[PDB]
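Visitor:
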Amino acid sequence: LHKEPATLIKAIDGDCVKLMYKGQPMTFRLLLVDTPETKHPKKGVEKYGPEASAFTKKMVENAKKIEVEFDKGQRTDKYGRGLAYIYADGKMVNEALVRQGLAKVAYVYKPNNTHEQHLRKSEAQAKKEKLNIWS
């Protein structure tokens, strides 16, 4: 896998960021994580939604550089969104949310699962530490 540069346009929710990639504005869906959402009447503004959203937001907005890392499988989902691991100053935002108990690891679709074990290890630790969602 390899990381490529991108530029923040706008943070949208815990699990989506809009980025300028290869000169095109694009919505990215954070791979392998489910964040409580601020979006969708089919739920609404769920519990920890604003928290997961502020975290991702802060993290990408305060970064010196953003990089995207596509996995081995399909790179977009049925809504036209990029499917990636997003890094802020070298830190993976998807792991960070999971490490803080602000996301659970999603149902996984091979072959897009290269960091699954890494993330499951962080989720186990957040649950042990009974953080946020695991409170």
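Residue numbers (the deposited numbering): 7 to 141.
A virtual CB, placed ideally from N, CA and C, is assigned to each residue, including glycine.
#1: Out of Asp83, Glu57 and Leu37, state which residue places its alpha-carbon closest to the alpha-carbon of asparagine 138.
#2: Tell me whether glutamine 131 sits in a helix, a strand or coil according to DSSP, three-state version.
#3: For the stretch 17 to 24 against the stretch 37 to 45, are there 3 or more C-beta pairs whose distance is under 8 Å?
#4: Taking the alpha-carbon positions, what's the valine 114 to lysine 49 distance?
#5: Since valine 74 contacts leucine 25 with CB under 8 Å, what's their CB separation in whole angstroms?
#6: Counting beta carbon pairs with one atom in the stretch 73 to 92 and one in the stretch 103 to 123, are three or more of them shorter than 8 Å?
#7: Using DSSP with H/G/I as helix, E/B as strand and the rest coil, what is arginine 87?
#8: Roughly how many whole angstroms lie between the Cα atoms of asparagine 68 and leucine 14?
Guide: Looking at the coordinates:
#1: Position 132 of the sequence shown, counting from 1, holds the residue named residue 138. The residue among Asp83, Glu57 and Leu37 with its C-alpha nearest the C-alpha of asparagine 138 is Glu57.
#2: Position 125 of the sequence shown, counted from the first residue, corresponds to residue 131. In the structure shown, the three-state DSSP call for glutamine 131 is helix.
#3: yes
#4: As a working note, residue 114 is residue 108 in the sequence shown. As a working note, residue 49 is residue 43 in the sequence shown. Between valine 114 and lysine 49, the C-alpha separation is close to 22 Å.
#5: Translated into the one-based positions of the sequence shown, residue 74 becomes position 68. Translated into the one-based positions of the sequence shown, residue 25 becomes position 19. 7 Å between Cβ atoms; contact.
#6: yes
#7: In the sequence shown, counting from the first residue as 1, residue 87 sits at position 81. Of the three classes helix, strand and coil, the one that applies to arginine 87 here is coil, per DSSP.
#8: As a position in the sequence shown, residue 68 is number 62, starting the count at 1. As a position in the sequence shown, residue 14 is number 8, starting the count at 1. The alpha-carbon atoms of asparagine 68 and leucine 14 are separated by roughly 10 Å.
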